[PDB]
Amino acid sequence: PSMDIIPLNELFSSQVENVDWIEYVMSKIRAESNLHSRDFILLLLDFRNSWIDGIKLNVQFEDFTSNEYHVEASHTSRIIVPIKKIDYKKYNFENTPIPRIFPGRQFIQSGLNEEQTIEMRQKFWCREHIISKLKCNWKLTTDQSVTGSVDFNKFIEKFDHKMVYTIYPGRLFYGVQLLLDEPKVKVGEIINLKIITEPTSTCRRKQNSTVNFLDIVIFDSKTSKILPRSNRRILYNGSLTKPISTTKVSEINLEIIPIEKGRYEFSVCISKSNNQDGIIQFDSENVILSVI
Amino acid sequence: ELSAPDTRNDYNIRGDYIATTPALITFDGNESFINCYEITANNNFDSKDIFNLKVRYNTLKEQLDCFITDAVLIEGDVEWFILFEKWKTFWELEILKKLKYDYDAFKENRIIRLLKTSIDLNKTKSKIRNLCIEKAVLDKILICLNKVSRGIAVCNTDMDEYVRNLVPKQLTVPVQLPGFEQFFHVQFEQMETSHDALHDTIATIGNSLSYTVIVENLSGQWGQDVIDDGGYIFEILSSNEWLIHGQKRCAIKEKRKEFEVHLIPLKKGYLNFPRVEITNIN
Amino acid sequence: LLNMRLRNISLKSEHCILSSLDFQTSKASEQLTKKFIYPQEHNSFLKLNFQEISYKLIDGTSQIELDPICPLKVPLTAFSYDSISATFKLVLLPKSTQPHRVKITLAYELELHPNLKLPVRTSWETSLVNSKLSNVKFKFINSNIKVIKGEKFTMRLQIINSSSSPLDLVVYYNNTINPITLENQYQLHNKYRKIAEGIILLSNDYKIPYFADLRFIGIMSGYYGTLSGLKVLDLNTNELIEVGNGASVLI
């Protein structure tokens, strides 16, 4: 009946290698150093029978094969499937989905604007990606030879704004990673930082404001981020507003020297102007360091 | 920049800010510009040297005025051959009353004029012998700059070697305290609630007064509060101060004080006077 | 009038009120004896506290401290000792008595002898989730503090209802961001972010049928005190019962 998609950010260190998705995702992370964490998204879909007998319900992705669950009579059992994101610059998601026929005029004055058509194309083609690999191959426990498949086309209904953020990162406004030299630096040392920024194909939406403002926030790994006086904390040259521009591979490289402690995480924020409540994207790359 | 005095110790100022790639700042008191310097202490105690700094700057009004002059009315050398080389001081006397809008120049716009006068400026230019080959350009540039907005790109391309930077200075004497101390305590928490996983701070700060004291604050706890009463043993090394707490409690207020500036003082043992009170609750 | 004493009492949530007495040599008595001692060239006093004890009630019982205590002696100082009283559900306020023995030893082994005894009442100067409408209460039977890794785990609700219609309620976790001073804006965003994807419920939209075992898996590390994602909806007369209970560290 339902489905939801949630990402992950912890690395999942071992002895938790009994849960079926974790060994596959940590195997892909473990070697192949470009195949990084932080971009995996779990999709949470809930199988529910309306029958009298138990089922087994193995789920096959394009290479991920799940374990053998057991839904008894009327229960749900959320089978959690990993999937990576879908790259916006490698693909194209702004072409009209074709009709089957070429006979009817189909009311060729189509009642749609530009941006509503483009978000409809995105909402259709994202589920066109996630249906064309998903399978299931079930069997009854007491009969054992009534093995059939399922579809997914009559079950997934549509998406919302949350699914199209979480599956597709092209819906976001900028694409950022971070480069840090030493994550185990002693306190009497200043370390260069790097913030790469690569804008999106939704840069067409504004087309007038050619500047946006990259804020910097700092949080103790626990909670409760530090106010920008930053005493007992990161001693920082420059200031944390750092203007960037549309259609630019800019790099706001900064410097950071610690004072007291270890557990620090760094992240950014996009705010489109300098006033209050101009904010657009709460960006969340959120990489970590330590200071002994 | 920052400069070290003639006394010439081993002061290692690793902090040295050069705004080479950005020719940009703003100081409108909404955000906070912080510069910081990672200096080093001397080979021995040294408390009174003199530090002098070097801030090059400009002001943004003549930054945008240099941009408007070099790319609004004197962009090419053809108009700069005759139409403005005979009226440059007149162009400066006209540009000094422009008064461009510096309130929307920090929000998605640059080189955007305010609602200043543009009616009688044409009559003032027509009153002198200003030819129409320059009176067309000097009117069209003001008419364009009355409603236009630029970006952060092509600002350094006008700012490059076209501004006298007033390299100002100041004086910072690197102030010092008076009463050196050196202590280290150790704790052992008798748990009321099992453990609240507190976060620590080993302070290093000295009190500089007469008939005074040193007041300390406990570590910060962030789970279920009001509990975890910590017992302690002092071992107040390298002095003989007066203590004023025993077996406190790590809740809302404990304030384990230590009366210090009464007896057995010392001199300035470092850059400032210190008290490196390092607690260790293991 | 040689050592001013005060007692502070706090109310811990584990049904044990903790009361701590604090003793401090008063400054007026300090200068009073200090000028007469420095007439004979003495700078630091010696008040030997050799027998400090607290008594309970009309029958005298000596409740001990929470740690050890020797027989100490110092000057211009302060010390606090904490005892653990028992939490009272009624309105009977316990009245206790404390006693000390300060040996104000003047020098060359010529000591005076002082004793003091105060007696006063140990006042304090002034969770189970319950709904607002009906008899329905909630409490987690398993200990609300739990130490887990990011592996699969289980947790146990319990419902005490009116026995007229015990059923017709549903649970769900609501894994979406709540729709929200840039610093307070991003702090509330980080709270609403780590709530909405920190742990995930392994059986949501779940019809209940006086226990109700509900099973999670925890993803993101951190202490989730009053983990407030999960939201038990009541079907009839459509309202929502928050469950602000339970606190799982994930390290």
# chains A, B, ... in the order shown; residues from 1 in each chain; ligands from 1
$ interface_residues --of "chain A" --to "chain B" --cutoff "7 Å" --atoms "only C-alpha atoms" --output "number ranges by chain"
A: 209-211, 235-239, 273-274
$ residues_around --residues "residue 181 of chain C" --least-positions-apart "5" --cutoff "9 Å" --atoms "only C-alpha atoms" --output "PyMOL selection string"
(chain A and resi 276-277) or (chain C and resi 186)
$ interface_residues --of "chain B" --to "chain C" --cutoff "9 Å" --atoms "only C-alpha atoms" --output "ChimeraX atom specification"
/B:190,192-193,223-227,229,231,242-249,258-259
$ residues_around --residues "residue 137 of chain A" --least-positions-apart "4" --cutoff "12 Å" --atoms "only C-alpha atoms" --output "list in words"
residues 55, 56, 57, 58, 59, 60, 61, 65, 66, 67, 68, 69, 146, 147, 148, 149, 150 and 151 of chain A
$ write_last_selection --atoms "N, CA, C and O atoms" --output "PDB file, in the first residue's frame"
ATOM      1  N   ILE A  55       3.736 -16.771   3.211  1.00  0.00           N
ATOM      2  CA  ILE A  55       4.437 -16.508   1.959  1.00  0.00           C
ATOM      3  C   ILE A  55       5.917 -16.336   2.347  1.00  0.00           C
ATOM      4  O   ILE A  55       6.237 -16.260   3.531  1.00  0.00           O
ATOM      5  N   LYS A  56       6.831 -16.288   1.369  1.00  0.00           N
ATOM      6  CA  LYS A  56       8.255 -16.167   1.659  1.00  0.00           C
ATOM      7  C   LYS A  56       8.878 -14.860   1.185  1.00  0.00           C
ATOM      8  O   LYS A  56       9.684 -14.286   1.925  1.00  0.00           O
ATOM      9  N   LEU A  57       8.531 -14.386  -0.021  1.00  0.00           N
ATOM     10  CA  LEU A  57       8.719 -13.006  -0.505  1.00  0.00           C
ATOM     11  C   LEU A  57      10.187 -12.561  -0.538  1.00  0.00           C
ATOM     12  O   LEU A  57      10.618 -11.700   0.226  1.00  0.00           O
ATOM     13  N   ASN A  58      10.950 -13.176  -1.430  1.00  0.00           N
ATOM     14  CA  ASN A  58      12.302 -12.700  -1.691  1.00  0.00           C
ATOM     15  C   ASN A  58      12.259 -11.577  -2.719  1.00  0.00           C
ATOM     16  O   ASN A  58      11.583 -11.693  -3.744  1.00  0.00           O
ATOM     17  N   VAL A  59      12.975 -10.491  -2.432  1.00  0.00           N
ATOM     18  CA  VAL A  59      12.992  -9.295  -3.270  1.00  0.00           C
ATOM     19  C   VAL A  59      14.322  -9.239  -4.003  1.00  0.00           C
ATOM     20  O   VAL A  59      15.386  -9.281  -3.373  1.00  0.00           O
ATOM     21  N   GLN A  60      14.271  -9.146  -5.330  1.00  0.00           N
ATOM     22  CA  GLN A  60      15.470  -9.038  -6.151  1.00  0.00           C
ATOM     23  C   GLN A  60      15.529  -7.655  -6.775  1.00  0.00           C
ATOM     24  O   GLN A  60      14.587  -7.229  -7.450  1.00  0.00           O
ATOM     25  N   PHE A  61      16.636  -6.957  -6.544  1.00  0.00           N
ATOM     26  CA  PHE A  61      16.956  -5.715  -7.228  1.00  0.00           C
ATOM     27  C   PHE A  61      17.851  -6.127  -8.414  1.00  0.00           C
ATOM     28  O   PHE A  61      17.899  -7.311  -8.759  1.00  0.00           O
ATOM     29  N   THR A  65      19.897  -8.995  -3.749  1.00  0.00           N
ATOM     30  CA  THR A  65      18.921 -10.048  -3.483  1.00  0.00           C
ATOM     31  C   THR A  65      18.735 -10.138  -1.976  1.00  0.00           C
ATOM     32  O   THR A  65      19.704 -10.359  -1.243  1.00  0.00           O
ATOM     33  N   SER A  66      17.500  -9.980  -1.513  1.00  0.00           N
ATOM     34  CA  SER A  66      17.235  -9.939  -0.085  1.00  0.00           C
ATOM     35  C   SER A  66      17.199 -11.351   0.499  1.00  0.00           C
ATOM     36  O   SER A  66      17.396 -12.352  -0.191  1.00  0.00           O
ATOM     37  N   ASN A  67      16.920 -11.421   1.801  1.00  0.00           N
ATOM     38  CA  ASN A  67      16.782 -12.693   2.502  1.00  0.00           C
ATOM     39  C   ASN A  67      15.387 -13.278   2.328  1.00  0.00           C
ATOM     40  O   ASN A  67      14.619 -12.840   1.466  1.00  0.00           O
ATOM     41  N   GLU A  68      15.047 -14.279   3.135  1.00  0.00           N
ATOM     42  CA  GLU A  68      13.760 -14.961   3.041  1.00  0.00           C
ATOM     43  C   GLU A  68      12.932 -14.630   4.280  1.00  0.00           C
ATOM     44  O   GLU A  68      13.133 -15.196   5.355  1.00  0.00           O
ATOM     45  N   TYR A  69      11.989 -13.707   4.111  1.00  0.00           N
ATOM     46  CA  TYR A  69      11.109 -13.267   5.180  1.00  0.00           C
ATOM     47  C   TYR A  69       9.921 -14.215   5.312  1.00  0.00           C
ATOM     48  O   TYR A  69       9.853 -15.262   4.665  1.00  0.00           O
ATOM     49  N   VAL A 146       3.546 -23.279  -5.996  1.00  0.00           N
ATOM     50  CA  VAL A 146       2.595 -22.306  -6.520  1.00  0.00           C
ATOM     51  C   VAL A 146       3.311 -20.982  -6.756  1.00  0.00           C
ATOM     52  O   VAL A 146       2.705 -19.906  -6.666  1.00  0.00           O
ATOM     53  N   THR A 147       4.603 -21.075  -7.092  1.00  0.00           N
ATOM     54  CA  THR A 147       5.511 -19.932  -7.186  1.00  0.00           C
ATOM     55  C   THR A 147       5.131 -18.987  -8.322  1.00  0.00           C
ATOM     56  O   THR A 147       5.105 -19.383  -9.490  1.00  0.00           O
ATOM     57  N   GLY A 148       4.848 -17.732  -7.972  1.00  0.00           N
ATOM     58  CA  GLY A 148       4.549 -16.721  -8.958  1.00  0.00           C
ATOM     59  C   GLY A 148       5.345 -15.457  -8.694  1.00  0.00           C
ATOM     60  O   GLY A 148       5.971 -15.293  -7.647  1.00  0.00           O
ATOM     61  N   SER A 149       5.325 -14.569  -9.681  1.00  0.00           N
ATOM     62  CA  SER A 149       5.952 -13.263  -9.576  1.00  0.00           C
ATOM     63  C   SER A 149       4.902 -12.214  -9.219  1.00  0.00           C
ATOM     64  O   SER A 149       3.718 -12.516  -9.050  1.00  0.00           O
ATOM     65  N   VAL A 150       5.346 -10.960  -9.085  1.00  0.00           N
ATOM     66  CA  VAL A 150       4.449  -9.817  -8.953  1.00  0.00           C
ATOM     67  C   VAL A 150       4.897  -8.731  -9.915  1.00  0.00           C
ATOM     68  O   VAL A 150       5.996  -8.764 -10.471  1.00  0.00           O
ATOM     69  N   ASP A 151       4.009  -7.768 -10.120  1.00  0.00           N
ATOM     70  CA  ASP A 151       4.362  -6.519 -10.764  1.00  0.00           C
ATOM     71  C   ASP A 151       4.603  -5.468  -9.685  1.00  0.00           C
ATOM     72  O   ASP A 151       4.556  -5.748  -8.486  1.00  0.00           O
TER      73      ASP A 151
END
$ select_by_dssp --residues "segment 6-212 of chain B" --states "strand (DSSP E)" --output "PDB file with C-alpha atoms, in the first residue's frame"
ATOM      1  CA  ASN B  52      51.497  46.798  14.878  1.00  0.00           C
ATOM      2  CA  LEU B  53      49.247  45.703  12.029  1.00  0.00           C
ATOM      3  CA  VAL B 186      41.149  14.605  39.871  1.00  0.00           C
ATOM      4  CA  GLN B 187      37.575  13.432  40.380  1.00  0.00           C
ATOM      5  CA  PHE B 188      35.596  10.257  41.079  1.00  0.00           C
ATOM      6  CA  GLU B 189      31.855  10.546  40.441  1.00  0.00           C
ATOM      7  CA  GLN B 190      29.570   8.744  42.888  1.00  0.00           C
ATOM      8  CA  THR B 212      41.296  37.900  44.886  1.00  0.00           C
TER       9      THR B 212
END
$ residues_around --residues "residue 26 of chain C" --least-positions-apart "2" --cutoff "8 Å" --atoms "only C-alpha atoms" --output "compact mmCIF listing (two decimals) with C-alpha atoms, in the first residue's frame"
# COMPACT_ATOMS: atom_id res chain seq x y z
CA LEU C 1 29.31 32.12 64.94
CA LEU C 2 32.42 30.41 63.61
CA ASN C 3 31.27 28.38 60.58
CA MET C 4 28.08 29.28 58.72
CA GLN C 24 31.83 27.39 55.41
CA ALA C 28 33.32 37.98 60.20
CA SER C 29 34.40 35.20 62.58
CA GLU C 30 37.52 34.79 60.40
$ interface_residues --of "chain C" --to "chain A" --cutoff "12 Å" --atoms "only C-alpha atoms" --output "number ranges by chain"
C: 148-153, 173-194, 196-209, 215-225, 249-251
$ residues_around --residues "residue 162 of chain B" --least-positions-apart "4" --cutoff "10 Å" --atoms "only C-alpha atoms" --output "ChimeraX atom specification"
/B:63,66-67,70,156-158
$ residues_around --residues "residue 94 of chain B" --least-positions-apart "3" --cutoff "12 Å" --atoms "only C-alpha atoms" --output "list in words"
residues 65, 69, 87, 88, 89, 90, 91, 97, 98, 99, 117, 118, 120, 121, 122, 124, 125, 138, 139 and 142 of chain B
$ write_last_selection --atoms "N, CA and C atoms" --output "CSV table (one decimal), in the first residue's frame"
chain,number,residue,atom,x,y,z
B,65,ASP,N,32.5,53.5,-7.8
B,65,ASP,CA,32.7,54.7,-8.7
B,65,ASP,C,33.8,54.5,-9.7
B,69,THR,N,33.2,54.5,-13.6
B,69,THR,CA,34.0,55.4,-14.5
B,69,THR,C,34.7,54.5,-15.5
B,87,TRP,N,38.0,66.9,-19.4
B,87,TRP,CA,37.0,67.2,-18.4
B,87,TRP,C,37.1,66.2,-17.2
B,88,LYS,N,38.3,65.7,-16.9
B,88,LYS,CA,38.4,64.6,-15.9
B,88,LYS,C,38.1,65.1,-14.5
B,89,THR,N,38.6,66.3,-14.2
B,89,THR,CA,38.3,66.9,-12.9
B,89,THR,C,36.8,67.3,-12.8
B,90,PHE,N,36.2,67.7,-13.9
B,90,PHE,CA,34.8,68.0,-14.0
B,90,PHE,C,34.0,66.7,-13.8
B,91,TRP,N,34.5,65.6,-14.3
B,91,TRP,CA,33.9,64.3,-14.2
B,91,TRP,C,34.0,63.8,-12.7
B,97,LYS,N,28.9,63.7,-6.3
B,97,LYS,CA,27.5,63.9,-5.9
B,97,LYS,C,26.6,62.8,-6.4
B,98,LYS,N,27.1,61.7,-6.8
B,98,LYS,CA,26.3,60.6,-7.4
B,98,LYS,C,25.4,60.0,-6.3
B,99,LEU,N,26.1,59.5,-5.2
B,99,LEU,CA,25.5,58.9,-4.0
B,99,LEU,C,24.6,57.7,-4.4
B,117,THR,N,19.6,63.4,-7.7
B,117,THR,CA,19.1,64.3,-8.7
B,117,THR,C,19.8,64.0,-10.1
B,118,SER,N,19.0,64.0,-11.1
B,118,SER,CA,19.5,63.9,-12.5
B,118,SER,C,18.8,64.9,-13.5
B,120,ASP,N,18.8,68.7,-13.1
B,120,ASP,CA,19.6,69.9,-13.4
B,120,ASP,C,21.0,69.6,-13.7
B,121,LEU,N,21.4,68.3,-13.6
B,121,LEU,CA,22.8,67.9,-14.0
B,121,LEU,C,23.0,68.2,-15.5
B,122,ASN,N,22.0,67.9,-16.3
B,122,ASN,CA,22.1,68.2,-17.7
B,122,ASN,C,22.2,69.7,-18.0
B,124,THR,N,23.5,71.8,-15.8
B,124,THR,CA,24.9,72.2,-15.4
B,124,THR,C,26.0,71.8,-16.4
B,125,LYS,N,25.8,70.7,-17.0
B,125,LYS,CA,26.7,70.3,-18.1
B,125,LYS,C,26.5,71.2,-19.3
B,138,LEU,N,27.9,61.1,-21.2
B,138,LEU,CA,27.8,61.5,-19.8
B,138,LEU,C,26.3,61.5,-19.4
B,139,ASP,N,25.4,61.7,-20.3
B,139,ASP,CA,24.0,61.5,-20.0
B,139,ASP,C,23.5,60.1,-20.1
B,142,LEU,N,24.7,58.0,-17.0
B,142,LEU,CA,23.9,58.3,-15.8
B,142,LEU,C,22.5,57.7,-15.9
$ closest_residue --among "A:198, A:119, A:157, A:251" --to "residue 89 of chain A" --atoms "only C-alpha atoms"
A:198
$ select_by_dssp --residues "segment 118-212 of chain A" --states "alpha helix (DSSP H)" --output "PyMOL selection string"
chain A and resi 118-131+161-167
$ residues_around --residues "residue 50 of chain A" --least-positions-apart "3" --cutoff "12 Å" --atoms "only C-alpha atoms" --output "PDB file with N, CA and C atoms, in the first residue's frame"
ATOM      1  N   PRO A   1       0.803  -1.231   0.000  1.00  0.00           N
ATOM      2  CA  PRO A   1       0.000   0.000   0.000  1.00  0.00           C
ATOM      3  C   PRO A   1       0.830   1.274   0.000  1.00  0.00           C
ATOM      4  N   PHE A  47       5.170  -5.022   2.281  1.00  0.00           N
ATOM      5  CA  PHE A  47       4.389  -6.118   1.730  1.00  0.00           C
ATOM      6  C   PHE A  47       3.335  -6.592   2.716  1.00  0.00           C
ATOM      7  N   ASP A  53      -2.547 -18.222   4.168  1.00  0.00           N
ATOM      8  CA  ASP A  53      -1.348 -19.038   4.259  1.00  0.00           C
ATOM      9  C   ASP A  53      -0.131 -18.124   4.232  1.00  0.00           C
ATOM     10  N   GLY A  54       0.997 -18.638   4.737  1.00  0.00           N
ATOM     11  CA  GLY A  54       2.230 -17.876   4.745  1.00  0.00           C
ATOM     12  C   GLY A  54       2.899 -17.797   3.383  1.00  0.00           C
ATOM     13  N   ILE A  55       3.736 -16.771   3.211  1.00  0.00           N
ATOM     14  CA  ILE A  55       4.437 -16.508   1.959  1.00  0.00           C
ATOM     15  C   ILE A  55       5.917 -16.336   2.347  1.00  0.00           C
ATOM     16  N   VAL A  71       5.746 -13.572   5.921  1.00  0.00           N
ATOM     17  CA  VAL A  71       4.510 -12.862   6.228  1.00  0.00           C
ATOM     18  C   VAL A  71       3.401 -13.891   6.395  1.00  0.00           C
ATOM     19  N   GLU A  72       2.750 -13.886   7.559  1.00  0.00           N
ATOM     20  CA  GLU A  72       1.912 -15.031   7.918  1.00  0.00           C
ATOM     21  C   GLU A  72       0.517 -14.972   7.302  1.00  0.00           C
ATOM     22  N   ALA A  73      -0.323 -14.037   7.745  1.00  0.00           N
ATOM     23  CA  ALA A  73      -1.679 -14.063   7.195  1.00  0.00           C
ATOM     24  C   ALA A  73      -2.208 -12.709   6.761  1.00  0.00           C
ATOM     25  N   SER A  74      -1.977 -11.662   7.547  1.00  0.00           N
ATOM     26  CA  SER A  74      -2.502 -10.342   7.230  1.00  0.00           C
ATOM     27  C   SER A  74      -1.529  -9.244   7.627  1.00  0.00           C
ATOM     28  N   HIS A  75      -0.299  -9.591   7.968  1.00  0.00           N
ATOM     29  CA  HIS A  75       0.638  -8.667   8.576  1.00  0.00           C
ATOM     30  C   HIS A  75       1.419  -7.912   7.511  1.00  0.00           C
ATOM     31  N   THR A  76       2.055  -6.830   7.934  1.00  0.00           N
ATOM     32  CA  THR A  76       3.033  -6.147   7.109  1.00  0.00           C
ATOM     33  C   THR A  76       4.436  -6.509   7.572  1.00  0.00           C
TER      34      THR A  76
END
$ atom_distance --atom1 "atom CA of residue 114 of chain A" --atom2 "atom CA of residue 171 of chain A"
15.6 Å
